[PDB]
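Let's start with one chain on its own, the form deposited in one PDB entry, as structure tokens.
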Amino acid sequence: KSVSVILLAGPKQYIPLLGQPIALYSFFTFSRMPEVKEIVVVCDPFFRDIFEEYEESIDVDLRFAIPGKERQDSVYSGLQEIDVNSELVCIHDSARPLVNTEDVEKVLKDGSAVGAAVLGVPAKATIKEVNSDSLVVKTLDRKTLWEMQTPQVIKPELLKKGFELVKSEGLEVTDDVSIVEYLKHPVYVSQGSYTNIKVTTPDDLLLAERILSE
């Protein structure tokens, strides 16, 4: 019971899906996993009650952190709240409500082994690198390209070192494992499921209801 989750929830994350705010879906998935010791929800204080409500229903410590200006500052804020002895930090965008227990288990395993891991899926589209003149530079090898999801799972000492680089050099990162890439430490891509979609538009909500109804 060694994993700390940072659940990034700081309104599109509170849009109802089957009547319940999207952020609660992944919250419950992590709360039922035996490896998870605590969930640090990063949200505006106004929304804390959405989660506290369920606190006596769940077998994790529930803690909060205040969001920052950019996703990386929200991650940093959650990281100050995790247990001093957690073995792994599992960072998740609450706009991904449909992550599967099996896929979380897999990226936790791979993060334990490598130190950093992220859920990904092979890209289904043909992807080309395009220069600033709108010309194709190259076609990227289909067998080689992965679309990233969350969770991103990183050992805390590694993440803390990475934030020391980020804060001391003004890095801008849009994900968590980019910090570890900077460090030249390996990042493992764990194969997930294409159903772990991000839900931000009402088109995405309709797809999420379809997936849930399958």
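All residue numbers are counted from 1 along the displayed sequence.
Beyond the structure shown, there is the form deposited with a small molecule bound, which is absent from this document and is the topic of what follows.
- Put simply, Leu62 is far from the small molecule in the deposited bound form: not one heavy atom of it is within 4.5 Å.
- Although the partner is absent from this view, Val36 stays clear of the small molecule in the deposited bound form, with no non-hydrogen atom inside 4.5 angstroms.
- For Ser86, no non-hydrogen atom is located within 4.5 Å of the small molecule in the deposited bound form, even though that partner is not displayed.
- Within 4.5 Å of some heavy atom of the small molecule in the deposited bound form lies at least one heavy atom of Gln152.
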